[PDB]
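Only one chain is included here, represented as structure tokens and corresponding to the form deposited without this ligand.
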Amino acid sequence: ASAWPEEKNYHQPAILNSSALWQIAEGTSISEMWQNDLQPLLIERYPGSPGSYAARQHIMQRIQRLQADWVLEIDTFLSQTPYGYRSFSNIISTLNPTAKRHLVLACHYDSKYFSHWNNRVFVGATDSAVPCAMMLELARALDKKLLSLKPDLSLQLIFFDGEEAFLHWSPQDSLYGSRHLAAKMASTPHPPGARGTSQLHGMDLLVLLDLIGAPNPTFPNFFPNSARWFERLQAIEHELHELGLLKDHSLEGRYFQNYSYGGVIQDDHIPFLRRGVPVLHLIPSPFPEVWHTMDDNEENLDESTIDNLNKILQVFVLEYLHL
């Protein structure tokens, strides 16, 4: 039996030089993302709501206008909830569907349900409207390079529905979309016609973005089997910084620090991690101060920090895909 599922263990990045880094920093526009990808998502969008629908259409429309050969799938399913049976819909955007391996970027597009309080509405700006916009901006910004993909390795984006609990977190009330998708992918032969390999074996790495957008985030290196990739994020941040390609940024206050975090954090990566998928969890610790508060809004977002992370992530993806 082919040993292709092991290729991910030996995969190395094709590192960009100074000139290329300058080009990537120049190619991303934080103001464009702000107006075209983020603001339309800053609305109430808990599962089943009109906003969930509007968000899903926004995300799909923005991917569909790109030149790259994105194949969009809406994975809709039912699940029991504290409010009875309900419908959910994950959004999966895939380049080269039959491609055996894919680097996967992900986040959740639902917003935690909260009844309006004193005319305030919860829109989860950092949680996770920004991660959503960041993935859209990356697809747009790297569009020309991704188009060239039209190593049997390509890219995939997942926007999970129902990451949030309807009440407070519990094993059964939360991670609706990811628990469902992880199970579906684990039982789907891949590539097509395969005898004993699944879509999960095809996942080179799950890079999950969550709670991004607040000032001074510090991301810990959570897992040893993705530690070398965390290292690459550190190196990229360091080099972009040294080249003067980051804004209001210092090494003392770097985002990717030299520290681990032993505990467990409940999030969409769990169902994948427990089935063996390598995970690079881009969630900060501590969480943003506005976490699950009506203040997790646009006003409290740190623009230059988001801009800096767009450059780091875009460089990471290009290097991973050898583009």
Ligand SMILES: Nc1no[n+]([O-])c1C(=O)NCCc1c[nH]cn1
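Position 1 is the first residue in the sequence shown; the rest follow in order.
We do not show the form solved in complex with this ligand, though everything after this point is about it.
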query: Per-stretch contact check against this ligand in the deposited bound form, the hit in 285 to 293, 39 to 47, 60 to 68, 26 to 34 (non-hydrogen atom, 4.5 angstroms); finding: 285 to 293
query: Answer option from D161, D204, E137, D127, heavy atom within 4.5 Å of this ligand in the deposited bound form; finding: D127
query: In the deposited bound form, the residue from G196, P192, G244, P224 that sits within 4.5 Å of this ligand by heavy atoms; finding: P224
query: 4.5 Å heavy atom contact, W169 and this ligand in the deposited bound form; finding: yes
query: Residue contact check: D210 to this ligand in the deposited bound form, 4.5 Å heavy atom; finding: yes
query: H108: touches this ligand in the deposited bound form, heavy atom cutoff 4.5 angstroms; finding: yes
query: Interface membership of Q266, this ligand in the deposited bound form, 4.5 Å heavy atom rule; finding: yes
